[PDB]
Amino acid sequence: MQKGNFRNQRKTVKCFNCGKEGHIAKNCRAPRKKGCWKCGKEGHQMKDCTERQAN
Ligand SMILES: [Zn+2]
Ligand SMILES: [Zn+2]
C-alpha cells in the first residue's frame with residue numbers, strides 16, 4: 001500500500017479537526033464548516049469546485 005497508513009487507520013496521531021488524539025482530521029467522523037470560501041458553497045471544496053471564475 002501507499003506510504004501513509006500502516007496500523008489500520010485509527011489510533012495514534014491526532015485529529016486537528018476536533019483535537020482528539022487517536023484519529024486524524026481526515027478520519028474525523030465529525031466534519032464542519034469546510035465551506036468553499038471561493039464560491040461560498042458551504043459543502044463542496046476547491047477540489048470539488050466546478051467553478052473557475054465565478055461563472
Ligand atoms: Zn475528529
Ligand atoms: Zn466552490
# chains A, B, ... in the order shown; residues from 1 in each chain; ligands from 1
call {"tool": "closest_atom_pairs", "arguments": {"of": "chain A", "to": "ligand 2", "cutoff": "9 Å", "atoms": "only C-alpha atoms and all ligand atoms", "output": "Markdown table"}}
result
| residue | atom | partner | partner_atom_place_in_ligand_line | distance |
| --- | --- | --- | --- | --- |
| A:35 | CA | ligand 2 | 1 (Zn) | 8.1 |
| A:36 | CA | ligand 2 | 1 (Zn) | 4.7 |
| A:37 | CA | ligand 2 | 1 (Zn) | 6.9 |
| A:38 | CA | ligand 2 | 1 (Zn) | 5.1 |
| A:39 | CA | ligand 2 | 1 (Zn) | 4.2 |
| A:40 | CA | ligand 2 | 1 (Zn) | 6.4 |
| A:41 | CA | ligand 2 | 1 (Zn) | 5.7 |
| A:42 | CA | ligand 2 | 1 (Zn) | 8.5 |
| A:43 | CA | ligand 2 | 1 (Zn) | 8.6 |
| A:44 | CA | ligand 2 | 1 (Zn) | 6.2 |
| A:45 | CA | ligand 2 | 1 (Zn) | 5.5 |
| A:46 | CA | ligand 2 | 1 (Zn) | 5.3 |
| A:47 | CA | ligand 2 | 1 (Zn) | 8.3 |
| A:48 | CA | ligand 2 | 1 (Zn) | 6.9 |
| A:49 | CA | ligand 2 | 1 (Zn) | 3.9 |
| A:50 | CA | ligand 2 | 1 (Zn) | 6.5 |
| A:51 | CA | ligand 2 | 1 (Zn) | 5.7 |
| A:52 | CA | ligand 2 | 1 (Zn) | 8.3 |
| A:54 | CA | ligand 2 | 1 (Zn) | 8.6 |
call {"tool": "select_by_dssp", "arguments": {"residues": "chain A", "states": "helix (DSSP H, G or I)", "output": "mmCIF file with C-alpha atoms, in the first residue's frame"}}
result
data_model
loop_
_atom_site.group_PDB
_atom_site.id
_atom_site.type_symbol
_atom_site.label_atom_id
_atom_site.label_comp_id
_atom_site.auth_asym_id
_atom_site.auth_seq_id
_atom_site.Cartn_x
_atom_site.Cartn_y
_atom_site.Cartn_z
ATOM 1 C CA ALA A 25 -8.926 15.222 10.694
ATOM 2 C CA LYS A 26 -9.198 13.147 7.539
ATOM 3 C CA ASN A 27 -10.657 10.464 9.774
ATOM 4 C CA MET A 46 -11.948 23.674 -4.257
ATOM 5 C CA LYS A 47 -11.019 20.116 -5.151
ATOM 6 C CA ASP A 48 -14.712 19.671 -5.851
#
call {"tool": "atom_distance", "arguments": {"atom1": "CA of residue 34 in chain A", "atom2": "CA of residue 6 in chain A"}}
result
27.2 Å
call {"tool": "residues_near_ligand", "arguments": {"ligand": "ligand 1", "cutoff": "8 Å", "atoms": "only C-alpha atoms and all ligand atoms", "output": "compact mmCIF listing (two decimals) with N, CA and C atoms, in the first residue's frame"}}
result
# COMPACT_ATOMS: atom_id res chain seq x y z
N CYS A 15 -6.35 14.25 15.84
CA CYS A 15 -7.32 14.89 14.96
C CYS A 15 -7.21 16.41 15.15
N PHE A 16 -6.79 17.08 14.09
CA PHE A 16 -6.64 18.52 14.13
C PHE A 16 -7.96 19.22 13.79
N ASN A 17 -9.02 18.42 13.77
CA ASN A 17 -10.34 18.95 13.46
C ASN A 17 -11.14 19.10 14.75
N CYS A 18 -11.03 18.08 15.60
CA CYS A 18 -11.74 18.09 16.87
C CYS A 18 -10.72 18.32 17.98
N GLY A 19 -9.55 17.70 17.81
CA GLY A 19 -8.49 17.83 18.79
C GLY A 19 -8.42 16.59 19.68
N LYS A 20 -8.90 15.48 19.14
CA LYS A 20 -8.89 14.23 19.88
C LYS A 20 -7.75 13.35 19.37
N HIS A 23 -7.18 9.73 16.22
CA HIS A 23 -7.57 9.80 14.82
C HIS A 23 -7.06 11.10 14.21
N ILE A 24 -7.29 11.23 12.91
CA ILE A 24 -6.87 12.42 12.19
C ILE A 24 -8.10 13.18 11.68
N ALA A 25 -7.85 14.39 11.21
CA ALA A 25 -8.93 15.22 10.69
C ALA A 25 -9.57 14.53 9.49
N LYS A 26 -8.73 13.85 8.72
CA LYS A 26 -9.20 13.15 7.54
C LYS A 26 -10.07 11.96 7.97
N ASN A 27 -9.90 11.58 9.23
CA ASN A 27 -10.66 10.46 9.77
C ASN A 27 -11.67 10.99 10.79
N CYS A 28 -11.89 12.30 10.74
CA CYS A 28 -12.83 12.94 11.64
C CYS A 28 -14.25 12.63 11.17
N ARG A 29 -14.95 11.86 11.98
CA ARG A 29 -16.32 11.48 11.66
C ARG A 29 -17.28 12.64 11.96
N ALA A 30 -16.70 13.74 12.42
CA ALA A 30 -17.48 14.91 12.75
C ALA A 30 -16.94 16.12 11.99
N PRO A 31 -17.42 16.27 10.72
CA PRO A 31 -16.98 17.37 9.88
C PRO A 31 -17.63 18.68 10.32
